[PDB]
């Protein structure tokens, strides 16, 4: 028998701690994009091991439990919500959600169970779908002019993030193409809750 030298044996998060991440309430698509930017700019993990994940449905009403906005367990009904998925080297997958009360990051199995619960127990208009976009692709292609966050009067529904709107060489606004769950549109692949769970679950 011999005791080896000390070593870090646990998964190391790809992000900064939850309280050190760039964040604006109601701009999860951006918060997630910012995590992608951080990962890209660091050498800990390849960017391609990560995915931006949009959650929505045709009716744009998805319940998510264990959300910060509503502490104590009823759900928040969102039009869409975005989280980050890290498909880690050992078959262990993690979810980074800046709006969850669950750990940041959180093991995938735990997150999907606690946050989402079962689609079977809710009516069809509320069922959850997921667009999974590889992080490199997301940085390359995502663009939002934040126009959706201004009311009829031109005032901000929620204050915007402190940096200029994300744009690309090809577009200044394509957020709807990410929110959409039609496989004929946008980038990445679309999965039902069951499919998503099976695909990235343990």
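Residue numbers count along the first chain shown, from 1. Each form is matched to the other, and the largest set of C-alpha atoms that superpose within 1.5 Å is called the rigid core.
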Should one compare 116 to 124 and 75 to 83 by root mean square Cα distance from the shown form in 4 other deposited structures of this protein, core superposed, the larger belongs to 116 to 124
(message) Of the other PDB entries for this protein whose models extend past residue 202 on both sides, does at least a third leave it without coordinates?
(response) no
In at least one third of the other PDB entries compared, is residue 3 left unmodelled?
no
The stretch carrying the higher mean Cα B factor in the deposited entry, 64 to 72 or 40 to 48, is 64 to 72
Stretch with higher mean Cα temperature factor, 80 to 88 vs 110 to 118, is 110 to 118
Among 137, 31, 168, 56, highest Cα B-factor in the entry goes to 168
Binned into thirds over the chain's modelled residues, the C-alpha B-factor of residue 124 lands in the highest
Of the three thirds of the chain ranked by Cα temperature factor, residue 133 occupies the lowest
Of the three thirds of Cα B-factor ranks in this chain, residue 173 occupies the highest
By the entry's values, the third containing the CA B factor of residue 35 is the lowest
